[PDB]
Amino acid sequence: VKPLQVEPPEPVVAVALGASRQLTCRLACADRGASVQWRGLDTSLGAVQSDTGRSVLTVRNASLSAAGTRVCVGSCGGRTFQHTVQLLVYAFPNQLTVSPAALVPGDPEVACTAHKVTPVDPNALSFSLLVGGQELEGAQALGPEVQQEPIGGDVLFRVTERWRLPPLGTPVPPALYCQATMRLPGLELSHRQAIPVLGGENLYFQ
């Protein structure tokens, strides 16, 4: 049995930018002088070590700089125990812009832009173009464009996907949807934004 335990116990924990999270490190020790240390990968920022059986790490209003490896180290009866946990900090986009905002007959393309997002890695962040609740088959993705989006003291990103549309068939769907999805350890986040599809006379009502 291990005398050192951390709650939550998972080796990686995802925390949203601006959110809070605590890690509680407990050390069972029958002998006096037990100590618990929380630190980063090294101690260039300062390690905190206390004479205790319970030490809690709290990131508050998380910044991107909170991301990285944390280690709790316990000392009891001359032995050392450890637990390593990786904090991932992510910014799920707070806005998704679609262009054009509504489609009319003849429109060949949709663009969807996620604002203030990180990470942008395609294995974490994905875009899909839906018709009803299914992905639209044959929509040709033209590759994400990634630009920097500075917010406060952190660099987030603005990411645009574009699709060349296939024939929509008949009857024509009432709407398409852009969806941005972020997959991280233990969780999946999504944002779906409607794109109305209008009739063939709309162009003449401008």
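All residue numbers are counted from 1 along the displayed sequence.
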Comparing 24-32 with 154-162, the one whose average Cα B-factor in the PDB entry is higher: 24-32
Mean Cα B-factor comparison, 66-74 or 163-171, giving the higher one as deposited: 163-171
Out of 147, 43, 58, 55, residue topping the C-alpha B-factor column of the entry: 147
Record-listed C-alpha B factor of residue 100: chain third: middle
Ranked against its chain, the third holding the CA B-factor of residue 119: middle
Chain third (lowest, middle, highest) by recorded CA B-factor, residue given as residue 19: highest
Lowest, middle or highest third - CA B-factor, residue 134: highest
